[PDB]
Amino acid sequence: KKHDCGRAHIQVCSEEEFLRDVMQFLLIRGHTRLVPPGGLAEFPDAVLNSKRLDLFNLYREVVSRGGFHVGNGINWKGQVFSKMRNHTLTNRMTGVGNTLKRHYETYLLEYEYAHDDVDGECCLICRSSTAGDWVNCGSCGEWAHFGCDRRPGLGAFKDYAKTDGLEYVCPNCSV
């Protein structure tokens, strides 16, 4: 079920250590066509918005939100793509969410299942993992259900979730 590898935990793992572990995993799973000759410098052979696909930040942004299964509960264009080297301020990458999901399926989904990098934190308010809308506190980095924050004056959830949306600070951090 799990890769042995002994790769560093995802909070402190370097990009090079991560990518070398992805290459080794893809080879042991028999997906030889995904690992070109020329080693790490040539991996992956995929381009997004005219730059080589940035698998490290794609992976970090998805597993920090609960993994690929969260699906369209992740804002791929607005919160995943924006953290990748492939992002540019002005771009016409209108199908980028679909593209990123396809690349994640190709390079990273089996890898995700074979590692222990997915965030499964509970709500800082109610202490459960109930399904629903969540926001990450910009101050402490913990996660809260939007519905568990009953303070007046909060925006609509969609205004937190849209690209470069509202700042969220949880009730425990707020001064």
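Numbering starts at 1 and follows the sequence shown.
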Looking only at C-alpha temperature factors in the entry, 51-59 or 25-33, the higher average sits in 25-33
Of 155-163 and 5-13, the stretch with the higher mean C-alpha B-factor in the deposited entry is 5-13
Among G66, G39, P44, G138, the highest C-alpha B-factor in the PDB entry belongs to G39
One of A144, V118, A131, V70 has the largest Cα B-factor in the entry, namely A131
Sorting the chain's modelled residues by C-alpha B-factor and splitting them into thirds places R85 in the middle
Entry-reported C-alpha B-factor of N91 relative to its chain, by third, is highest
